[PDB]
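Notes for the one structure printed next.
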Amino acid sequence: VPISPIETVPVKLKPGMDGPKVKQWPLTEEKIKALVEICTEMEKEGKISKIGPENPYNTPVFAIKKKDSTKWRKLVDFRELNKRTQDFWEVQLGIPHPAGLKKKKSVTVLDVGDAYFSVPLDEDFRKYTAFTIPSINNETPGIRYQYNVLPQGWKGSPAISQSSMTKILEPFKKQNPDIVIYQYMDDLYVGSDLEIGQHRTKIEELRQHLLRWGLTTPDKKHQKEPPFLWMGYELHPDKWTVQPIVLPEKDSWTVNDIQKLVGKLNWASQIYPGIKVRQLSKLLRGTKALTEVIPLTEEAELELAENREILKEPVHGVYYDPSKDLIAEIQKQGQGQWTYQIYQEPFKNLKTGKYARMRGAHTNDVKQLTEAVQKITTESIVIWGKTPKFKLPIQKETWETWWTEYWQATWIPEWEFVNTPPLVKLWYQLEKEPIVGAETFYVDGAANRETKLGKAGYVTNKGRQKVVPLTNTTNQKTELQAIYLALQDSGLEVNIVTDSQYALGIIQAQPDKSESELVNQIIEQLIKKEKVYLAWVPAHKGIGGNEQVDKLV
Amino acid sequence: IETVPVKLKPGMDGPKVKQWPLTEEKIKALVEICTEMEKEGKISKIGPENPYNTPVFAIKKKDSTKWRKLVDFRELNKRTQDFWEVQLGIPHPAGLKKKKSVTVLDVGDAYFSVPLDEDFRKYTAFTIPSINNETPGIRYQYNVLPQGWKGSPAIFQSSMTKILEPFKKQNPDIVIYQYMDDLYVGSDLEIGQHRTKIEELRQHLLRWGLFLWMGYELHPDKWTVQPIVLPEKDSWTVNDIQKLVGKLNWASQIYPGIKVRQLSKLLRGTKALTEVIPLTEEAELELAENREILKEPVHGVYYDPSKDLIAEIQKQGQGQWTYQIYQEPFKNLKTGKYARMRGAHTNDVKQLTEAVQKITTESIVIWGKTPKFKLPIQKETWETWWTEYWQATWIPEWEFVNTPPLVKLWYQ
Ligand SMILES: Cc1cn([C@@H]2O[C@H](CO[Si](C)(C)C(C)(C)C)[C@@]3(OS(=O)(=O)C=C3N)[C@H]2O[Si](C)(C)C(C)(C)C)c(=O)[nH]c1=O
Numbered sequence: 001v002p003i004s005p006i007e008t009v010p011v012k013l014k015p016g017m018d019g020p021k022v023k024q025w026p027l028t029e030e031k032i033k034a035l036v037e038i039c040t041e042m043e044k045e046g047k048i049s050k051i052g053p054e055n056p057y058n059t060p061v062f063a064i065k066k067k068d069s070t071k072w073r074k075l076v077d078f079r080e081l082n083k084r085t086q087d088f089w090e091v092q093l094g095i096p097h098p099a100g101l102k103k104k105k106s107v108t109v110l111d112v113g114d115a116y117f118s119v120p121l122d123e124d125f126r127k128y129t130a131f132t133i134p135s136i137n138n139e140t141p142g143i144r145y146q147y148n149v150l151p152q153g154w155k156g157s158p159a160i161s162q163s164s165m166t167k168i169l170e171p172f173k174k175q176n177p178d179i180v181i182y183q184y185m186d187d188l189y190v191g192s193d194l195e196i197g198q199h200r201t202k203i204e205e206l207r208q209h210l211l212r213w214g215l216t217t218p219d220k221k222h223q224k225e226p227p228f229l230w231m232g233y234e235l236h237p238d239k240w241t242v243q244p245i246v247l248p249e250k251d252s253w254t255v256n257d258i259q260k261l262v263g264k265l266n267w268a269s270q271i272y273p274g275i276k277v278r279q280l281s282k283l284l285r286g287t288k289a290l291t292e293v294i295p296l297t298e299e300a301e302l303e304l305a306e307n308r309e310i311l312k313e314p315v316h317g318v319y320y321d322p323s324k325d326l327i328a329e330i331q332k333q334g335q336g337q338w339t340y341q342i343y344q345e346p347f348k349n350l351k352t353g354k355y356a357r358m359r360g361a362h363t364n365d366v367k368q369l370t371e372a373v374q375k376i377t378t379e380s381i382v383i384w385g386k387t388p389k390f391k392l393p394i395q396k397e398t399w400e401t402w403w404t405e406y407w408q409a410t411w412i413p414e415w416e417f418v419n420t421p422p423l424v425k426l427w428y429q430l431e432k433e434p435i436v437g438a439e440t441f442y443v444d445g446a447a448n449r450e451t452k453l454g455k456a457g458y459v460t461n462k463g464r465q466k467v468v469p470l471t472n473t474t475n476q477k478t479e480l481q482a483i484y485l486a487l488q489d490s491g492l493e494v495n496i497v498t499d500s501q502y503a504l505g506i507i508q509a510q511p512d513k514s515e516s517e518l519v520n521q522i523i524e525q526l527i528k529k530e531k532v533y534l535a536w537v538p539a540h541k542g543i544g545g546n547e548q549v550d551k552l553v
Numbered sequence: 001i002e003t004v005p006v007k008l009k010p011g012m013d014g015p016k017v018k019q020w021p022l023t024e025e026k027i028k029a030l031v032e033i034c035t036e037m038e039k040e041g042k043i044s045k046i047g048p049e050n051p052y053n054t055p056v057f058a059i060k061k062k063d064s065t066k067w068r069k070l071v072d073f074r075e076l077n078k079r080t081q082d083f084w085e086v087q088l089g090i091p092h093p094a095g096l097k098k099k100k101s102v103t104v105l106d107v108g109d110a111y112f113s114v115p116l117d118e119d120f121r122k123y124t125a126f127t128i129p130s131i132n133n134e135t136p137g138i139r140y141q142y143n144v145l146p147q148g149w150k151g152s153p154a155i156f157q158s159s160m161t162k163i164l165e166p167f168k169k170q171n172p173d174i175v176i177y178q179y180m181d182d183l184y185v186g187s188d189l190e191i192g193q194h195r196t197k198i199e200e201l202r203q204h205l206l207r208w209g210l211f212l213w214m215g216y217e218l219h220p221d222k223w224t225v226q227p228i229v230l231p232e233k234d235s236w237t238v239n240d241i242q243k244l245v246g247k248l249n250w251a252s253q254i255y256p257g258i259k260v261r262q263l264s265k266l267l268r269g270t271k272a273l274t275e276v277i278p279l280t281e282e283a284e285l286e287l288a289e290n291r292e293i294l295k296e297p298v299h300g301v302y303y304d305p306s307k308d309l310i311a312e313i314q315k316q317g318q319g320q321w322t323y324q325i326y327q328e329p330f331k332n333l334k335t336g337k338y339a340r341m342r343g344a345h346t347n348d349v350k351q352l353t354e355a356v357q358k359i360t361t362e363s364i365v366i367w368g369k370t371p372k373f374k375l376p377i378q379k380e381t382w383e384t385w386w387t388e389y390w391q392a393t394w395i396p397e398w399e400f401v402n403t404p405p406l407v408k409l410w411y412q
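Written out as structure tokens, the structure reads:
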């Protein structure tokens, strides 16, 4: 029976480069004995061909009988050629995620490593594939060979192999919109929610289709029993979880030692809810060494226990069901940490996750919620191709107040309020107009850059004044301290006037938590006030208290 | 025999740009779209030997019910060496911005017949991604001139001319411009007139062989750069003088002559913010001469084709947005405002996108080179959603502001 050919993909070397010329290895007679044995199997199969020395190129052949398994196998080292081989479209980018998989009633695994091996290689490129088998004792010319197919280990083989199979299967997939054909590694995964009988037909049919290019494919990928250890997960018939995590109990924690502790707990978080990572992570930012023991902030070793507590109870996620809806829930873990669960039916998660506050000086709960939300949106689109409906611990009224007033443009997709403390809320709000009858505090700070000595103080309309001396301070800290004094000495309602653009900025961002326990005490004062109006004015025009406070030098 | 070879700049290789995640709705829509484009030879499936890639996405066109394919060639256009005239004098149409009305017509689908140079085609590669990365993406490249590529109009340009001269002769006054997929035509004609005027070009064009049944009418009467105004009040409180002194100080950055000494002098003291202060004559005059300088324009404010145009946007609240365009700080080439009620008063991101488009269109018309935007929005928030509201064929460049300017109020 005549067979359809598998058209070849044109391949080229990089810009102005040429084939590899790597002299061959000195082998064992025994190995040479093998390589010859092997290349002869290959010659007949068409996989390779004998060539004249007129062919300039060469690539070193290695040989290895492996691990107590008598079988001898050939192994070319195209490392060089690869480095001189063009770039192809990458098959690598991204990893499918379990929570995204859509199960089928019937699924058959076909071994297609053989078709792979029957994929013709570009003619003009075969030349650069040449390799030489040394002769016994060096007394004869080595045997010259070049591939006629995609050589194992070469750069362009996985891609072109996959690409060529995508093409052969294309028509089949179409003429049978009902089934699904997946391509991973050297196998084909055929699934369908069809009658046990019909499925086998469809397989038989697939087989007929692949035979048109002379490829015979047996249900050959070694049959294994669930669960399948795929990329760090356990894929059970109806549920998935990650393969077990076991953490180090040593007292000699090093950078690698901890760097390692991160990679596993984070991995664990996609399914196990509530795994904190901040603490153990915190001291790592200020480091460059990966080989020494490390101490432990207690808040850091306790969490390890929390994680451990969470980790002793088996936790599984589900597979995806397109008809059912997609829902995500967020909770505040506390301390700039958050956690979430994405699911379809309650008390059955597809997956879980965490979001940690980006590194910034100051911040607020709403901004973080928002970020956690975009992250989940993005992740969800990647995995299911759609945004879930959000259930957030924040009142519709709070969100509305916030965004209408926020200076940036911000947005949360369709979401509904969920009454689960701790609720995310706004802690204070600055007035929009001055406050009649409230004392006006003209505050002012300053530091001498050289001496590092400054004064922070205020003067009011009621005649109240104060200047406080500070040492080891900046022209910025003085400005914030001054605002802090005003907040401390004023009553429940207060009008504050600064010239500090720096101060204005921090406070006009409405943070509810900062790194400066200074900005952090100010926030606390703000929480306690009933009405705070913060105004800004230009410096050195000698105005108000900043001027009366300015002359105090 | 129909193509014109083309290249890239020295040391400038094809685009290798990551495709971003799409929604299942958009993918199914790009699939359908792309199948038909194949049936008509517009684009073809390509092998793994093509490394290059450009992002692509789907939208619902201006006043539309159908999905449309959008390709982000921003990177490919920065790699494209524009083609030039052989006589040095080279003009952008100043007249279009000077004309009363400007009507934009989408002439992109015209390019769908004209072939693309073989040794360049590989460069228009793009991928329809799969969901959750289960399957390998579906890849293609263009066989014909692609919508979104700016080296695309340059080619059809000395050809469109032919298609346009049967009009230019007839209506000697009208001005006609072209930026990407659209034709910009303006006239000093009465609306009823100018409107019916376009169907004449809109029709006479189909005879030349030739979606295109929607309405967007545009006019330039505004201030080139809106002037700064101070408030008029009968009684001024300390807070008013302070805000005033503030605004003026900011303005003296632009108008050197702004003095606020006599206006500052009343501020001396430590009076309650809400206290009424009576105005002096020393500071009235100060306020008088200040208003005058504000009526008059900035000196020597030149445009310069060598620098890029920067557009800034401020969210003022209640669907109101102010914005400024310039190349030199404090040298506005144009200001404006978008206070429209056509976009969501419930969606910031949606409003901003519209803001950016209108400001982009205004830019092309005045200088022919879109602005470099400075967005009042967290980077992540914008890229996550902006594409869900984009309705235009082109895409500007944009940075991101993360610190709130004090100048917000000074604009509205
Ligand atoms: C790793 C792996 C996957 N699959 C199946 O292949 C498809 C995907 O491949 Si995989 C994961 C290699 C990839 C990366 C998406 C191509 C699959 O079939 S489906 O049509 O019912 C839908 C699928 N998703 C998998 O089923 Si399930 C693991 C969901 C099972 C629990 C047996 C029903 C196996 O049968 N065995 C395996 O070892």
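Chains Z and R, in that order, are what the protein sequence lines are. For the first sequence, the residue numbers in the working numbering are 1 to 553. For the second sequence, the residue numbers in the working numbering are 1 to 412. Cβ atoms here follow ideal geometry from the backbone N, Cα and C, with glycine treated the same way.
Where does residue 115/R fall in DSSP's three states? For residue 115/R, the secondary structure class from DSSP, reduced to helix, strand or coil, is strand.
Alpha helix (DSSP H) segments (min. 4 residues) lying fully within the stretch 130-191 of chain Z: 157-175
Would you list the one or two residues that DSSP bridges to residue 126/R? 54/R and 140/R
Whose C-beta lies closer than 7 Å to the C-beta of residue 109/R among residues of the same chain, with five residues either side of it excluded? The beta carbon of residue 109/R sits closer than 7 Å to the beta carbons of 211 from its chain, once the five residues preceding and following it are set aside; these are given in chain order.
Evaluate residue 14/Z with the Cβ neighbour count: other Cβ atoms within 10 Å of its Cβ, from every protein chain shown; 16 or more gives buried, anything less gives exposed. Classification of residue 14/Z: exposed, given that the 10 Å Cβ count is below 16.
What do you get for residue 12/R, buried or exposed, if any count of 16 or more other CB atoms within 10 angstroms of its CB means buried? Taking all protein chains in view, the Cβ of residue 12/R is surrounded by fewer than 16 other Cβ atoms within 10 Å, so the residue is classified as exposed.
Rank 6/R, 16/R and 222/R by C-alpha distance to the C-alpha of residue 119/R and give the top, closest one. 6/R
Between the Cα of residue 122/R and the Cα atoms of 52/R, 131/R, 86/R and 182/R, which residue gives the shortest distance? Closest by alpha carbon: 52/R.
Could you spell out the range, first to last residue, of the alpha helix (DSSP H) harbouring residue 262/Z? DSSP places residue 262/Z in the uninterrupted alpha helix (DSSP H) bounded by 255-269.
Minimum Cβ-Cβ distance from residue 131/R to chain Z less than 8 Å: Answer yes: the Cβ-Cβ gap between residue 131/R and chain Z drops below 8 Å somewhere.
Go through the residues and name those whose CB comes closer than 6 Å to any heavy atom of ligand 1, in chain order. 96/Z, 101/Z, 102/Z, 103/Z, 104/Z, 107/Z, 109/Z, 180/Z, 182/Z, 184/Z, 189/Z, 191/Z, 228/Z, 230/Z, 235/Z, 237/Z, 319/Z and 134/R
Any idea what DSSP makes of residue 198/Z, helix, strand or coil? Residue 198/Z sits in a helix when the DSSP states are folded into three classes.
Hey, residue 178/R and residue 153/R are a contact pair by Cβ (cut 8 Å); roughly how many whole angstroms apart? With 8 Å as the limit, residue 178/R and residue 153/R qualify as a contact, their Cβ atoms being about 6 Å apart.
Determine, using beta carbons only, whether residue 134/R comes closer than 8 Å to chain Z. Yes, residue 134/R lies at the interface with chain Z (some Cβ there is under 8 Å from its Cβ).
Enumerate in chain order the residues of its own chain whose CB-to-CB distance from residue 434/Z is below 6 Å, with the five nearest sequence positions on each side excluded. Beyond the five residues adjoining it in sequence on each side, residue 434/Z comes within less than 6 Å, by CB distance, of 495 and 533 in the same chain, given in chain order.
Mind pulling the chain R residues with CB within less than 7 Å of residue 97/Z? 132
Give me, in chain order, the residues of the same chain whose beta-carbon lies closer than 8 Å to that of residue 114/Z; leave out the 5 immediate sequence neighbours on both sides. 215, 216 and 217
Considering only residues of the same chain and omitting the five flanking positions on each side of residue 470/Z, which have a CB-CB separation below 8 Å? 447, 453, 454, 455, 456, 477, 478 and 481
When burial is assigned at 16 or more other CB atoms within 10 Å of the CB, is residue 276/R buried or exposed? With fewer than 16 other Cβ atoms inside 10 Å of its own Cβ, residue 276/R counts as exposed.
Check each residue of the stretch 470-482 of chain Z: if its Cβ is closer than 8 Å to any Cβ of chain R, include it; give the result in chain order. none
Answer with buried or exposed for residue 500/Z, where buried requires no fewer than 16 other C-beta atoms within 10 angstroms of its C-beta. buried
Going straight from the alpha carbon of residue 251/R to that of residue 398/R, what length do you get? Each residue's CA atom was taken as its position, placing residue 251/R and residue 398/R some 26 Å apart.
Could you compute how far the alpha carbon of residue 29/Z sits from the alpha carbon of residue 89/Z? 41 Å
Separation of residue 220/R from residue 95/R, as counted between CA atoms: The straight-line gap from Cα to Cα measures roughly 12 Å.
What residues of chain R sit near residue 124/Z, judged by a beta carbon separation below 8 Å? Neighbours of residue 124/Z on chain R: none; closest Cβ ~13 Å, over 8 Å.
Other residues of its chain near residue 359/R: CB distance less than 6 Å, five sequence neighbours each side excluded: Shown here for residue 359/R: same chain residues with a beta carbon closer than 6 Å to its own, the five before and five after excluded, namely 311 and 323 in chain order.
Note down, in chain order, every chain Z residue with its Cβ under 7 Å from the Cβ of residue 272/R. 440 and 461
For residue 333/Z, which of 213/Z, 472/Z and 353/Z has the nearest alpha-carbon? 353/Z
Could you compute how far the alpha carbon of residue 75/R sits from the alpha carbon of residue 280/R? 59 Å
Between which residues of its own chain and residue 243/Z is the CB-CB distance below 8 Å, once the five residues before and five after are set aside? 229, 232, 233 and 234
My output table needs one value for residue 213/Z: the three-state DSSP class, helix, strand or coil. Residue 213/Z falls in the helix class under three-state DSSP.
At the level of alpha carbons, what is the spacing between residue 69/R and residue 54/R? 13 Å
Would you identify the three-state DSSP class for residue 547/Z, choosing helix, strand or coil? helix
Quick check on residue 147/R: does DSSP put it in helix, strand or coil? coil
How about residue 91/Z and residue 162/Z: are their beta carbons less than 8 Å apart? Going by C-beta atoms, residue 91/Z is nearer than 8 Å to residue 162/Z.
Give the secondary structure of residue 194/R by DSSP, where H, G and I count as helix, E and B as strand, and everything else as coil. Looking at residue 194/R - three-state DSSP - the assignment turns out to be helix.
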